[PDB]
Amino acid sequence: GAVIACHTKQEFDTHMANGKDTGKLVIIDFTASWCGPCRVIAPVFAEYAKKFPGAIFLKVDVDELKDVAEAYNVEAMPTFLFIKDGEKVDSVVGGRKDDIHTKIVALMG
């Protein structure tokens, strides 16, 4: 149960495809190194990955994958997107710890 940093669009796509194929919830943390709030939520997101080995936890640095961030209309940092069966199903804008846990548990079933 580990957070996977996706450093290329190709890396992002292969893990996204794995989640779609296996029916697992995928949670993307859209983050930046300049971002204070992102730094704060980072260890919490890492801990969720350990607690939920049944879901896939991806990290996307918005300045590294500018095209992926744009595709997801990322307009505040951090933004967490929840993907299920290929589609966005939910989001959390900001380091809202409890909200993130709640949605993981609810969406995983």
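Residues carry their position along the shown sequence, with the first being 1.
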Test of reading the entry: by CA B factor among the chain's modelled residues, which third contains residue 75?
highest
Residue 56, C-alpha B-factor rank within chain (lowest, middle or highest third):
lowest
Going by what the PDB entry lists, where does residue 69 fall on CA B-factor within its chain: lowest, middle or highest third?
middle
Quick check on the deposited entry: does the C-alpha B-factor of residue 93 sit in the lowest, middle or highest third of its chain?
highest
Quick tally, chain-level thirds of C-alpha B-factors: residue 41 sits in the highest
